[PDB]
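Just the one chain here, laid out as structure tokens, in the form solved without the DNA.
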């Protein structure tokens, strides 16, 4: 079918633990049950953009906290793994800590008052995607 469902949305969120910047090609490989077209492809792609938005908002918030001075993972896990179906992968943790460090350095260094200060961070994180587990391909 060409219609995205709540199940696809739930699956997409779990996949975020491996891929923050999946290409259309990646998405097609892992969603073999969908007949991709311009509309649903963009719709699926938009979801990961939403996922990243929430992710970075949380990353910056926590980093500012640290500077101004467990819950973070609870927040991330509730959002992307509500029913706690999967174990948070170690590589996601490394990406989270790496992201926090990028924001922490920037904020602590007062670089957050510069234009495009978050771009250098996105670049770094976009290179840290992990291959999506093959089991995600199973119905």
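Positions refer to the first chain, counted from 1.
Another form, the form deposited with the DNA bound, is not on view; read the next lines as being about it.
This chain lacks the partner; the member of 35, 85, 38, 74 within 4.5 angstroms of the DNA in the deposited complex by a non-hydrogen atom is 38.
For the options 30, 92, 80, 47, the residue carrying a heavy atom within 4.5 angstroms of the DNA in the deposited complex is 47.
At a distance threshold of 4.5 angstroms between non-hydrogen atoms, residue 119 is in contact with the DNA in the deposited complex.
Proximity of residue 114 to the DNA in the deposited complex: non-hydrogen atoms within 4.5 Å are absent; the residue sits far from the partner. Heavy atoms of residue 128 never reach within 4.5 Å of the DNA in the deposited complex, leaving it off the interface.
Among residues of the shown chain, residue 14 is not one whose heavy atoms approach the DNA to within 4.5 Å in the deposited complex. Contact here is defined as any heavy atom lying within 4.5 Å of the DNA in the deposited complex, and by that definition not a single one of 65, 97 and 107 is a contact residue. Using a 4.5 Å cut-off on any heavy atom, the one residue of 1-19 that reaches the DNA in the deposited complex is 9.
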